[PDB]
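**Q** A single structure is presented below for examination.
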Amino acid sequence: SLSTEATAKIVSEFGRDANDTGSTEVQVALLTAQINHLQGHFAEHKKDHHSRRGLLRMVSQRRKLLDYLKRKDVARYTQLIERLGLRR
Amino acid sequence: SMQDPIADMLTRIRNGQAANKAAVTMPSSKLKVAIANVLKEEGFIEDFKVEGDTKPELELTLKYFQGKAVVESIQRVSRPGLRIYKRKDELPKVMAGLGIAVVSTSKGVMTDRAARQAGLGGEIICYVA
Amino acid sequence: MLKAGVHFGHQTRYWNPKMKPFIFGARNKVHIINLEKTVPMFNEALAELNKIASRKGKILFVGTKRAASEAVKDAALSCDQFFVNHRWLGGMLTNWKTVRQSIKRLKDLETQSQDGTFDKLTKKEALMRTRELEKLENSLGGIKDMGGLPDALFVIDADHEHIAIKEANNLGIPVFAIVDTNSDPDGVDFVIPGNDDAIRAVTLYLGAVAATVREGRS
RNA sequence: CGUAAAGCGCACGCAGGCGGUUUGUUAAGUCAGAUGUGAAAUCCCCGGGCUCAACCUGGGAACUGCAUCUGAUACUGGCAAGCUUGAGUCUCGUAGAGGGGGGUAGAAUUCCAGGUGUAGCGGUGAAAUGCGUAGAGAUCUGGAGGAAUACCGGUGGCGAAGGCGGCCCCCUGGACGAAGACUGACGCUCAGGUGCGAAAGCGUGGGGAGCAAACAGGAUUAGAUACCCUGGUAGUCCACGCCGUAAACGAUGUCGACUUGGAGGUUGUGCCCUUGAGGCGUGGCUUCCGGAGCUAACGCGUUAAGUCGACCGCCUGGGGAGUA
Ligand SMILES: [Mg+2]
Ligand SMILES: [Mg+2]
Ligand SMILES: [Mg+2]
Ligand SMILES: [Mg+2]
Ligand SMILES: [Mg+2]
Ligand SMILES: [Mg+2]
Ligand SMILES: [Mg+2]
Ligand SMILES: [Mg+2]
Ligand SMILES: [Mg+2]
Ligand SMILES: [Mg+2]
Ligand SMILES: [Mg+2]
Ligand SMILES: [Mg+2]
Ligand SMILES: [Mg+2]
Ligand SMILES: [Mg+2]
Ligand SMILES: [Mg+2]
Ligand SMILES: [Mg+2]
Ligand SMILES: [Mg+2]
Ligand SMILES: [Mg+2]
Ligand SMILES: [Mg+2]
């Protein structure tokens with residue numbers, strides 16, 4: 001789900017300004033925030049495989065976006081991943 | 001997912017002859033204008049334009065004669081899944097020489113008949129019967 | 001130039017996709033055929049009709065759809081050529097050599113009724129003979145005086161009388177005709193756009209034809 | 001590779017393959033040139049010698065190759081800086097049996113208790129088993145339960161496929177449209193892998209009306225271990241696991257481009273006078289009919305089985321066998 005205001009905040013933290021929204025870092029941030037907000041919904045139900053599938057979609061989306069970001073510039077990439085809380 | 005723009009050009013022309021459309025409008029590229037330049041100079045296409053700015057939508061003007069469209073056939077050869085680079089003498093003649101085969105060489109894109117004079121060959125792009 | 005009456009196109013939704021050059025959209029949810037392209041078409045077609053008429057070539061004016069048949073018969077008997085206003089028997093051209101004896105039959109029998117055996121067998125027999133006579137007289141009457149093969153097959157329609165076109169197109173016979181929006185200009189050579197179901201349209205075209213052919217004997 | 005053998009049930013996705021557009025560079029592929037080599041014979045060509053031939057034999061070409069060397073630089077690759085038409089994010093809405101969790105209502109069947117009441121009820125082609133004067137069937141009342149949700153409902157909708165329909169709340173997925181905004185090729189496919197996957201089935205604990213394998217009886221029949229009838233257990237229902245299969249079928253892989261029309265359905269939005277249940281447009285999904293073309297034919301036909309491109313899967317006579 002993720003509220004519209006939530007996104008309004010997240011953008012103004014991972015981009016240039018409120019006007020921007022399409023940059024990679026912003027997209028990844030969004031994906032991760034939503035995923036984390038979804039962790040709960042799968043704490044129970046568990047049989048919800050369709051919602052699940054939507055999740056998996058946004059997850060692989062995130063891995064692709066991150067992979068690109070890395071190949072483009074490892075520097076700020078290391079910043080992003082170190083901040084967003086992930087990686088093995 | 002639009003893996004091969006050239007074959008797409010050729011197939012736009014092919015469906016444009018089958019449907020007998022006048023102009024064929026397609027996104028442009030240097031190789032596009034080169035190949036279209038070859039077909040034009042050879043006489044397969046009556047004129048063309050690269051009209052467009054940041055998104056050059058070059059359009060070709062297909063030729064006809066009697067009732068049948070001029071282009072006999074136009075098969076893409078050196079597809080991206082299988083590049084073909086013929087040697088000088090190895091350059092094939094199409095329809096015993098009355099049909100040019102657009103071939104890209106170091107001197108530029110040209111007909112094979114010309115590449116027989118240029119003393120050199122290169123990637124054969126497309127047979128045009 | 002719109003010479004006189006109305007004949008813009010007609011039909012409605014089911015326009016034949018082949019006739020894109022000669023269509024427009026009327027507010028009455030029905031197409032209106034362009035006259036601009038039409039004028040040179042029937043002009044040049046009439047020119048060809050005058051050329052082949054000077055060639056003294058036999059012409060067939062094919063027609064049907066009831067009300068048009070009269071216009072057809074009028075445009076041939078008023079002129080000098082030939083006509084098939086009624087049922088167009090399949091294979092009367094590419095299968096012409098049996099139709100040939102069908103005609104021989106018509107002529108010899110219509111002669112037999114006018115002076116010969118008028119009731120010799122039985123009154124019933126006379127009835128049957130008059131009957132069959134009238135049948136062959138209206139079935140293949142307009143082609144009776146031919147005995148050869150038409151130099152040109154002018155048709156009153158295309159999509160409806162498709163068999164006449166496909167048949168006369170099997171051999172060296174030009175087949176220019178007035179076609180409607182839903183018609184196919186495939187087998188047809190010199191296409192003449194304009195509506196067809198109207199009587200004024202067929203009287204107009206066919207009459208112009210009468211003029212141009214009527215000049216061929218001079 | 002729709003129906004002849006042959007698209008994995010569906011998806012996600014690593015390696016791999018392939019990749020829009022402009023400029024620079026490099027020159028890996030590619031191409032041109034040169035030199036070295038490519039043993040001799042053999043093969044081929046032109047001569048010579050055995051009386052001819054075979055065979056022998058001189059010269060030549062050939063040895064489709066490989067390597068270094070100097071060039072070319074269009075196309076591809078690498079590196080660099082980019083562009084926006086691919087892909088993606090944001091904003092406003094729209095429709096929906098999409099999913100999961102929790103409630104809840106009505107009709108009905110069955111059971112239970114009692115009232116009224118009386119000999120049949122039930123079933124079938126007919127009939128019997130079956131139920132019934134211990135009072136059934138019919139009927140009325142009260143109750144208890146489980147399961148599925150008439151009407152709406154539609155070649156209607158949604159979902160990747162399987163699949164999903166009473167109503168309600170709660171959590172939640174995706175699709176689409178409008179005007180923009182921004183990212184800058186982040187794409188497509190995908191072996192191995194991972195997930196999902198009707199029904200039946202299996203395990204554990206519940207539930208059990210109806211229905212119903214197995215089973216039993218009655219018939220029918222030459223027989224009837226079936227069809228038909230009367231019963232009836234597992235199963236069907238719930239929770240959690242497993243199974244991993246279907247004619248999992250538009251028998252039709254996915255993504256992209258292009259190529260005449262018609263009638264519809266469903267769902268948005270722009271526009272025009274709503275000037276009257278309308279008029280003219282623009283997207284998404286979907287049904288039927290058909291043109292060019294394709295096809296062995298049937299048929300398909302802008303949601304192609306047409307015209308092409310990328311990648312993957314699979315086929316190679318029937319049987320043995322999808323078995324050991
Ligand atoms: Mg098969
Ligand atoms: Mg499939
Ligand atoms: Mg890759
Ligand atoms: Mg490129
Ligand atoms: Mg090199
Ligand atoms: Mg040797
Ligand atoms: Mg000798
Ligand atoms: Mg040599
Ligand atoms: Mg380069
Ligand atoms: Mg480059
Ligand atoms: Mg912008
Ligand atoms: Mg696999
Ligand atoms: Mg089951
Ligand atoms: Mg069980
Ligand atoms: Mg499993
Ligand atoms: Mg199977
Ligand atoms: Mg199959
Ligand atoms: Mg069809
Ligand atoms: Mg087995």
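Labels for the structure tokens follow display order: chains A, B, ..., residues from 1 in each chain, ligands from 1.
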Using only C-alpha atoms (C1' of nucleotides) and all ligand atoms, which protein or nucleic acid residues are at most 9 Å from ligand 13, as a ChimeraX atom specification?

**A** /D:198-201,235-236

**Q** Might you pull out every residue within 7 Å of range 239-249 of chain D, with only C-alpha atoms (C1' of nucleotides) counted and same-chain residues fewer than 2 positions away left off, and present them as a PyMOL selection string?

**A** chain D and resi 9+162+251

**Q** Could you pull out the helix (DSSP H, G or I) residues of chain A, going by DSSP on the backbone, and write them as a PyMOL selection string?

**A** chain A and resi 4-14+24-38+49-72+74-84

**Q** So that I can check the surroundings of residue 89 in chain B, please list as a list in words every protein, DNA and RNA residue that reaches within 12 Å of it, counting only C-alpha atoms (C1' of nucleotides) and ignoring chain neighbours fewer than 5 positions away.

**A**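 Selected residues are residues 112, 113, 115, 116, 117, 118, 119, 120, 121 and 122 of chain B; 31 and 32 of chain D.
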
**Q** Could you list, as a PyMOL selection string, all protein and nucleic acid residues with an atom at most 9 Å from ligand 8, counting only C-alpha atoms (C1' of nucleotides) and all ligand atoms?

**A** chain D and resi 60-62

**Q** Pull the closest atom pair for each residue of chain D that gets at most 8 Å from chain C, along with the distance in Å to one decimal, counting only C-alpha atoms (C1' of nucleotides), ordering rows by chain and then ascending residue number, as a tab-separated table.

**A**
residue	atom	partner	partner_atom	distance
D:260	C1'	C:17	CA	5.9
D:261	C1'	C:17	CA	5.8
D:262	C1'	C:14	CA	6.3

**Q** Those same residues, written as a PDB file, in the first residue's frame with N, CA, C and O atoms (P, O5', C5', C4', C3', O3' and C1' of nucleotides)?

**A**
ATOM      1  P     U D 260      -2.809  -1.421 -43.676  1.00  0.00           P
ATOM      2  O5'   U D 260      -3.793  -2.581 -43.186  1.00  0.00           O
ATOM      3  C5'   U D 260      -5.171  -2.337 -42.945  1.00  0.00           C
ATOM      4  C4'   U D 260      -5.939  -2.281 -44.239  1.00  0.00           C
ATOM      5  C3'   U D 260      -7.360  -1.748 -44.175  1.00  0.00           C
ATOM      6  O3'   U D 260      -7.421  -0.334 -44.059  1.00  0.00           O
ATOM      7  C1'   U D 260      -7.280  -3.664 -45.566  1.00  0.00           C
ATOM      8  P     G D 261      -8.570   0.347 -43.160  1.00  0.00           P
ATOM      9  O5'   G D 261      -9.818  -0.607 -43.405  1.00  0.00           O
ATOM     10  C5'   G D 261     -10.788  -0.829 -42.397  1.00  0.00           C
ATOM     11  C4'   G D 261     -11.938  -1.638 -42.934  1.00  0.00           C
ATOM     12  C3'   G D 261     -13.152  -1.745 -42.030  1.00  0.00           C
ATOM     13  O3'   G D 261     -13.988  -0.601 -42.091  1.00  0.00           O
ATOM     14  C1'   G D 261     -12.595  -3.888 -42.824  1.00  0.00           C
ATOM     15  P     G D 262     -14.803  -0.118 -40.790  1.00  0.00           P
ATOM     16  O5'   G D 262     -15.917  -1.239 -40.612  1.00  0.00           O
ATOM     17  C5'   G D 262     -16.751  -1.606 -41.702  1.00  0.00           C
ATOM     18  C4'   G D 262     -17.644  -2.767 -41.357  1.00  0.00           C
ATOM     19  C3'   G D 262     -18.271  -2.732 -39.978  1.00  0.00           C
ATOM     20  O3'   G D 262     -19.358  -1.831 -39.882  1.00  0.00           O
ATOM     21  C1'   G D 262     -17.458  -4.903 -40.413  1.00  0.00           C
TER      22        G D 262
END

**Q** Could you tell me, counting only C-alpha atoms (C1' of nucleotides) and all ligand atoms, which protein and nucleic acid residues lie no more than 12 Å from ligand 19, written as a PDB file with N, CA and C atoms (P, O5', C5', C4', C3', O3' and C1' of nucleotides), in the first residue's frame?

**A**
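Generated output (out-v3.pdb):
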ATOM      1  P     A D 321       6.243 -51.494 -22.969  1.00  0.00           P
ATOM      2  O5'   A D 321       5.510 -50.233 -23.618  1.00  0.00           O
ATOM      3  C5'   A D 321       4.827 -49.292 -22.796  1.00  0.00           C
ATOM      4  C4'   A D 321       5.246 -47.870 -23.083  1.00  0.00           C
ATOM      5  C3'   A D 321       4.820 -47.306 -24.441  1.00  0.00           C
ATOM      6  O3'   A D 321       4.430 -45.937 -24.281  1.00  0.00           O
ATOM      7  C1'   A D 321       7.158 -47.108 -24.197  1.00  0.00           C
ATOM      8  P     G D 322       2.912 -45.554 -23.897  1.00  0.00           P
ATOM      9  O5'   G D 322       3.004 -44.052 -23.373  1.00  0.00           O
ATOM     10  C5'   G D 322       3.220 -43.766 -21.995  1.00  0.00           C
ATOM     11  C4'   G D 322       4.678 -43.898 -21.629  1.00  0.00           C
ATOM     12  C3'   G D 322       5.084 -43.446 -20.226  1.00  0.00           C
ATOM     13  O3'   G D 322       4.902 -44.517 -19.298  1.00  0.00           O
ATOM     14  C1'   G D 322       6.693 -42.783 -21.901  1.00  0.00           C
ATOM     15  P     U D 323       5.572 -44.587 -17.829  1.00  0.00           P
ATOM     16  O5'   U D 323       6.249 -46.027 -17.813  1.00  0.00           O
ATOM     17  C5'   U D 323       5.479 -47.187 -18.081  1.00  0.00           C
ATOM     18  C4'   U D 323       6.328 -48.331 -18.577  1.00  0.00           C
ATOM     19  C3'   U D 323       7.617 -48.607 -17.815  1.00  0.00           C
ATOM     20  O3'   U D 323       7.413 -49.335 -16.614  1.00  0.00           O
ATOM     21  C1'   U D 323       8.017 -48.708 -20.151  1.00  0.00           C
ATOM     22  P     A D 324       8.470 -49.216 -15.408  1.00  0.00           P
ATOM     23  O5'   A D 324       9.768 -49.970 -15.942  1.00  0.00           O
ATOM     24  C5'   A D 324       9.762 -51.374 -16.152  1.00  0.00           C
ATOM     25  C4'   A D 324      11.138 -51.872 -16.500  1.00  0.00           C
ATOM     26  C3'   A D 324      12.255 -51.396 -15.588  1.00  0.00           C
ATOM     27  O3'   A D 324      12.355 -52.173 -14.406  1.00  0.00           O
ATOM     28  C1'   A D 324      12.897 -51.102 -17.842  1.00  0.00           C
TER      29        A D 324
END

**Q** Determine, for each residue of chain D having at least one atom at most 10 Å from an atom of chain A, the closest pair of atoms and their separation in Å to one decimal, counting only C-alpha atoms (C1' of nucleotides); order by chain and ascending number, as JSON lines.

**A**
{"residue": "D:11", "atom": "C1'", "partner": "A:53", "partner_atom": "CA", "distance": 9.2}
{"residue": "D:12", "atom": "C1'", "partner": "A:56", "partner_atom": "CA", "distance": 7.6}
{"residue": "D:13", "atom": "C1'", "partner": "A:60", "partner_atom": "CA", "distance": 8.3}
{"residue": "D:88", "atom": "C1'", "partner": "A:22", "partner_atom": "CA", "distance": 8.0}
{"residue": "D:89", "atom": "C1'", "partner": "A:22", "partner_atom": "CA", "distance": 4.6}
{"residue": "D:90", "atom": "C1'", "partner": "A:21", "partner_atom": "CA", "distance": 5.4}
{"residue": "D:91", "atom": "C1'", "partner": "A:4", "partner_atom": "CA", "distance": 9.3}
{"residue": "D:98", "atom": "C1'", "partner": "A:50", "partner_atom": "CA", "distance": 7.6}
{"residue": "D:99", "atom": "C1'", "partner": "A:50", "partner_atom": "CA", "distance": 5.5}
{"residue": "D:100", "atom": "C1'", "partner": "A:48", "partner_atom": "CA", "distance": 4.9}
{"residue": "D:101", "atom": "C1'", "partner": "A:45", "partner_atom": "CA", "distance": 6.4}
{"residue": "D:159", "atom": "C1'", "partner": "A:50", "partner_atom": "CA", "distance": 8.6}
{"residue": "D:160", "atom": "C1'", "partner": "A:53", "partner_atom": "CA", "distance": 9.4}
{"residue": "D:171", "atom": "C1'", "partner": "A:41", "partner_atom": "CA", "distance": 6.5}
{"residue": "D:172", "atom": "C1'", "partner": "A:51", "partner_atom": "CA", "distance": 5.9}
{"residue": "D:173", "atom": "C1'", "partner": "A:51", "partner_atom": "CA", "distance": 4.1}
{"residue": "D:174", "atom": "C1'", "partner": "A:54", "partner_atom": "CA", "distance": 6.8}
{"residue": "D:181", "atom": "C1'", "partner": "A:19", "partner_atom": "CA", "distance": 7.1}
{"residue": "D:182", "atom": "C1'", "partner": "A:22", "partner_atom": "CA", "distance": 4.4}
{"residue": "D:183", "atom": "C1'", "partner": "A:23", "partner_atom": "CA", "distance": 4.4}
{"residue": "D:184", "atom": "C1'", "partner": "A:23", "partner_atom": "CA", "distance": 8.8}
{"residue": "D:186", "atom": "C1'", "partner": "A:68", "partner_atom": "CA", "distance": 5.5}
{"residue": "D:195", "atom": "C1'", "partner": "A:53", "partner_atom": "CA", "distance": 9.0}
{"residue": "D:196", "atom": "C1'", "partner": "A:49", "partner_atom": "CA", "distance": 7.6}

**Q** Chain B: which residues are strand (DSSP E) by DSSP, as a list in words?

**A**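 After running DSSP on the backbone, chain B has strand (DSSP E) at residues 23, 24, 25, 26, 27, 45, 46, 47, 48, 49, 57, 58, 59, 60, 61, 62, 101, 102, 103, 104, 105, 108, 109, 110, 111, 124, 125, 126 and 127 of chain B.
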
**Q** Deliver the residues from the most recent selection as a file, using N, CA, C and O atoms, as a short mmCIF file (atom, residue, chain, number, x, y, z; two decimals), in the first residue's frame.

**A**
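Result file result_0.cif:
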data_model
loop_
_atom_site.label_atom_id
_atom_site.label_comp_id
_atom_site.auth_asym_id
_atom_site.auth_seq_id
_atom_site.Cartn_x
_atom_site.Cartn_y
_atom_site.Cartn_z
N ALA B 23 3.68 6.10 -48.41
CA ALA B 23 4.86 6.37 -47.59
C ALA B 23 4.95 5.43 -46.38
O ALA B 23 3.93 5.03 -45.82
N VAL B 24 6.17 5.10 -45.99
CA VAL B 24 6.40 4.29 -44.80
C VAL B 24 7.21 5.09 -43.79
O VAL B 24 8.36 5.43 -44.04
N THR B 25 6.62 5.34 -42.62
CA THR B 25 7.25 6.20 -41.62
C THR B 25 7.85 5.39 -40.47
O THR B 25 7.15 4.63 -39.81
N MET B 26 9.15 5.55 -40.26
CA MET B 26 9.85 4.79 -39.24
C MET B 26 10.90 5.63 -38.52
O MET B 26 11.43 6.59 -39.09
N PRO B 27 11.20 5.29 -37.26
CA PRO B 27 12.26 5.97 -36.51
C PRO B 27 13.60 5.85 -37.24
O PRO B 27 13.92 4.78 -37.76
N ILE B 45 13.55 2.76 -54.24
CA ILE B 45 12.71 3.73 -53.56
C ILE B 45 12.76 5.07 -54.28
O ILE B 45 13.83 5.57 -54.60
N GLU B 46 11.59 5.66 -54.53
CA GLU B 46 11.53 6.99 -55.14
C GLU B 46 11.60 8.07 -54.07
O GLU B 46 10.59 8.41 -53.47
N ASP B 47 12.80 8.62 -53.86
CA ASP B 47 13.04 9.68 -52.88
C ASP B 47 12.75 9.25 -51.44
O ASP B 47 12.14 8.20 -51.19
N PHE B 48 13.20 10.07 -50.50
CA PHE B 48 12.91 9.88 -49.08
C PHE B 48 13.24 11.15 -48.30
O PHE B 48 13.89 12.06 -48.82
N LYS B 49 12.78 11.21 -47.06
CA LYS B 49 13.08 12.33 -46.18
C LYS B 49 13.50 11.82 -44.81
O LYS B 49 13.18 10.70 -44.42
N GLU B 57 11.60 10.87 -37.66
CA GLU B 57 10.74 9.86 -38.26
C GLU B 57 10.90 9.84 -39.77
O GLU B 57 10.08 10.40 -40.49
N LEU B 58 11.96 9.20 -40.25
CA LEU B 58 12.23 9.16 -41.68
C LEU B 58 11.17 8.34 -42.40
O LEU B 58 10.78 7.27 -41.94
N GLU B 59 10.68 8.87 -43.53
CA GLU B 59 9.68 8.15 -44.31
C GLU B 59 10.18 7.85 -45.71
O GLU B 59 10.81 8.69 -46.36
N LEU B 60 9.93 6.63 -46.16
CA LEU B 60 10.31 6.21 -47.50
C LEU B 60 9.11 6.30 -48.44
O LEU B 60 7.97 6.16 -48.01
N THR B 61 9.37 6.53 -49.72
CA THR B 61 8.31 6.60 -50.71
C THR B 61 8.41 5.40 -51.66
O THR B 61 9.21 5.41 -52.59
N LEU B 62 7.59 4.39 -51.40
CA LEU B 62 7.65 3.13 -52.15
C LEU B 62 7.37 3.32 -53.64
O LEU B 62 6.62 4.21 -54.03
N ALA B 101 22.65 -6.52 -53.40
CA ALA B 101 22.70 -6.98 -52.02
C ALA B 101 23.44 -5.96 -51.16
O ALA B 101 24.67 -5.92 -51.17
N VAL B 102 22.69 -5.15 -50.42
CA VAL B 102 23.26 -4.13 -49.54
C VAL B 102 24.25 -4.71 -48.54
O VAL B 102 23.86 -5.50 -47.66
N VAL B 103 25.51 -4.30 -48.68
CA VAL B 103 26.61 -4.77 -47.86
C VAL B 103 27.37 -3.59 -47.24
O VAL B 103 27.69 -2.60 -47.93
N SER B 104 27.64 -3.68 -45.94
CA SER B 104 28.38 -2.64 -45.24
C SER B 104 29.88 -2.92 -45.30
O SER B 104 30.32 -4.01 -44.95
N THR B 105 30.65 -1.93 -45.74
CA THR B 105 32.10 -2.08 -45.83
C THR B 105 32.80 -0.95 -45.09
O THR B 105 32.15 -0.02 -44.61
N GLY B 108 32.11 2.35 -46.28
CA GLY B 108 30.73 2.75 -46.07
C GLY B 108 29.74 1.69 -46.54
O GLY B 108 30.14 0.63 -47.01
N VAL B 109 28.45 1.98 -46.40
CA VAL B 109 27.40 1.08 -46.88
C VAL B 109 27.26 1.19 -48.38
O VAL B 109 27.12 2.29 -48.91
N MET B 110 27.27 0.06 -49.08
CA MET B 110 27.17 0.10 -50.53
C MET B 110 26.65 -1.21 -51.12
O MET B 110 26.46 -2.19 -50.41
N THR B 111 26.41 -1.21 -52.43
CA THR B 111 25.99 -2.42 -53.12
C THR B 111 27.17 -3.36 -53.29
O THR B 111 28.31 -2.92 -53.32
N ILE B 124 27.48 -8.44 -44.99
CA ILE B 124 26.35 -8.32 -45.90
C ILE B 124 25.07 -8.09 -45.09
O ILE B 124 24.62 -8.94 -44.33
N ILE B 125 24.46 -6.93 -45.30
CA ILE B 125 23.29 -6.52 -44.54
C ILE B 125 22.01 -7.17 -45.05
O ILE B 125 21.32 -7.84 -44.28
N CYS B 126 21.69 -6.98 -46.33
CA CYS B 126 20.43 -7.53 -46.83
C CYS B 126 20.36 -7.73 -48.34
O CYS B 126 20.76 -6.86 -49.11
N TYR B 127 19.83 -8.88 -48.77
CA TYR B 127 19.55 -9.13 -50.18
C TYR B 127 18.31 -8.38 -50.58
O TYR B 127 17.31 -8.41 -49.86
#

**Q** Applying 10 Å and only C-alpha atoms (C1' of nucleotides), which residues near range 163-180 of chain C remain after dropping the ones on its own chain fewer than 6 positions away? List them as number ranges by chain.

**A** C: 8-11, 15-16, 19, 22, 33, 42, 45-46, 48-49, 60-62, 88-95, 149-157, 186-197, 201-202, 205-206

**Q** Within 12 Å of chain B, which residues belong to chain D? Use only C-alpha atoms (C1' of nucleotides) and report them as a ChimeraX atom specification.

**A** /D:17-22,29-33,64,71-76,83-87,187-189,254-260,291-293,306-311

**Q** Within 10 Å of ligand 7 (counting only C-alpha atoms (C1' of nucleotides) and all ligand atoms), which residues show up? I'd like them as a PDB file with N, CA, C and O atoms (P, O5', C5', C4', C3', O3' and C1' of nucleotides), in the first residue's frame.

**A**
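So the final result, stored in part_18.pdb, reads:
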ATOM      1  P     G D  48      52.520 -34.422 -75.969  1.00  0.00           P
ATOM      2  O5'   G D  48      53.653 -35.117 -75.091  1.00  0.00           O
ATOM      3  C5'   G D  48      54.990 -34.633 -75.093  1.00  0.00           C
ATOM      4  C4'   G D  48      55.862 -35.437 -74.160  1.00  0.00           C
ATOM      5  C3'   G D  48      55.794 -36.946 -74.330  1.00  0.00           C
ATOM      6  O3'   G D  48      56.571 -37.424 -75.411  1.00  0.00           O
ATOM      7  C1'   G D  48      55.597 -36.424 -72.047  1.00  0.00           C
ATOM      8  P     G D  49      56.095 -38.736 -76.199  1.00  0.00           P
ATOM      9  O5'   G D  49      56.453 -39.921 -75.199  1.00  0.00           O
ATOM     10  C5'   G D  49      57.776 -40.074 -74.714  1.00  0.00           C
ATOM     11  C4'   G D  49      57.863 -41.185 -73.705  1.00  0.00           C
ATOM     12  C3'   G D  49      57.229 -42.501 -74.113  1.00  0.00           C
ATOM     13  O3'   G D  49      58.059 -43.253 -74.980  1.00  0.00           O
ATOM     14  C1'   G D  49      56.614 -41.972 -71.892  1.00  0.00           C
ATOM     15  P     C D  50      57.407 -44.268 -76.033  1.00  0.00           P
ATOM     16  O5'   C D  50      56.376 -45.097 -75.150  1.00  0.00           O
ATOM     17  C5'   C D  50      56.159 -46.477 -75.384  1.00  0.00           C
ATOM     18  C4'   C D  50      56.254 -47.273 -74.107  1.00  0.00           C
ATOM     19  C3'   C D  50      55.416 -48.540 -74.055  1.00  0.00           C
ATOM     20  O3'   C D  50      56.060 -49.634 -74.693  1.00  0.00           O
ATOM     21  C1'   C D  50      55.151 -47.310 -72.040  1.00  0.00           C
ATOM     22  P     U D  51      55.277 -50.555 -75.757  1.00  0.00           P
ATOM     23  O5'   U D  51      54.259 -49.557 -76.468  1.00  0.00           O
ATOM     24  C5'   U D  51      54.656 -48.782 -77.590  1.00  0.00           C
ATOM     25  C4'   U D  51      53.545 -48.671 -78.601  1.00  0.00           C
ATOM     26  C3'   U D  51      52.176 -48.315 -78.042  1.00  0.00           C
ATOM     27  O3'   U D  51      52.019 -46.927 -77.812  1.00  0.00           O
ATOM     28  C1'   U D  51      51.976 -50.143 -79.530  1.00  0.00           C
ATOM     29  P     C D  52      51.658 -46.393 -76.342  1.00  0.00           P
ATOM     30  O5'   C D  52      50.072 -46.509 -76.278  1.00  0.00           O
ATOM     31  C5'   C D  52      49.256 -45.807 -77.202  1.00  0.00           C
ATOM     32  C4'   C D  52      47.804 -46.156 -77.018  1.00  0.00           C
ATOM     33  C3'   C D  52      47.279 -46.039 -75.596  1.00  0.00           C
ATOM     34  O3'   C D  52      46.913 -44.713 -75.251  1.00  0.00           O
ATOM     35  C1'   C D  52      46.621 -48.117 -76.516  1.00  0.00           C
ATOM     36  P     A D  53      47.366 -44.087 -73.845  1.00  0.00           P
ATOM     37  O5'   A D  53      46.428 -44.811 -72.783  1.00  0.00           O
ATOM     38  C5'   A D  53      45.016 -44.770 -72.918  1.00  0.00           C
ATOM     39  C4'   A D  53      44.363 -45.891 -72.155  1.00  0.00           C
ATOM     40  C3'   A D  53      44.754 -46.003 -70.692  1.00  0.00           C
ATOM     41  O3'   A D  53      44.020 -45.117 -69.859  1.00  0.00           O
ATOM     42  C1'   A D  53      44.886 -48.133 -71.713  1.00  0.00           C
TER      43        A D  53
END

**Q** Enumerate as a ChimeraX atom specification the residues within 8 Å of ligand 2, counting only C-alpha atoms (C1' of nucleotides) and all ligand atoms.

**A** /D:7,9-10,253

**Q** Identify, counting only C-alpha atoms (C1' of nucleotides) and all ligand atoms, the protein, DNA and RNA residues located within 8 Å of ligand 9, and give them as a PyMOL selection string.

**A** chain D and resi 26-27+76-77

**Q** All residues within 10 Å of ligand 12 are required, counting only C-alpha atoms (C1' of nucleotides) and all ligand atoms; please report them as a list in words.

**A**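 The neighbouring residues of ligand 12 are, in order, residues 8, 13, 190, 191, 192, 193, 194, 312 and 313 of chain D.
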
**Q** Please identify all protein, DNA and RNA residues within 9 Å of ligand 3, counting only C-alpha atoms (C1' of nucleotides) and all ligand atoms, and report them as a ChimeraX atom specification.

**A** /D:14-17
